[PDB]
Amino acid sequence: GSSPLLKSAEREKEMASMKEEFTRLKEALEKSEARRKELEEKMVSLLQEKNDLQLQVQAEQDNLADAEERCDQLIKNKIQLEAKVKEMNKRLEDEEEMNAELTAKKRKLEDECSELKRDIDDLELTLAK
């Protein structure tokens, strides 16, 4: 009678309300799944972008390693060429020293010869006739 009739009215209050909540849940997930997708891709393209820089990093540290190798060779080489120079600058000073010493001996024997032509001369001009 009176309850079974009232229970029918409150039942339809609860369906029209459930149809509001139905449009409401549908829309919340809809707006959040736009977001979860736009974001899943945005992570993909930043995760790849990380790895273009992580390889960029390996390419530079090994570009570097090979510079440091060429430097090591060129350093070791300079050492040796610098030693050849120092040692040739010594032999040089040594030969120029010999030059100077023979020049002095050559000059001493020129003086001596000119003096002994003078003694021969002065000796023989006692016999002169």
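The first residue of the shown sequence is 1; numbering continues from there.
Stretches 1-9 and 118-126 differ in mean C-alpha B factor, with the higher average recorded for 1-9. Of the two segments, 27-35 and 93-101, the one listed with the higher mean B-factor is 27-35 (C-alpha atoms only). Between the residues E82, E69, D52, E60, it is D52 that shows the highest Cα B-factor in the PDB record. Ranking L64, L47, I75, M88 by the C-alpha B-factor listed in the PDB entry places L47 at the top.
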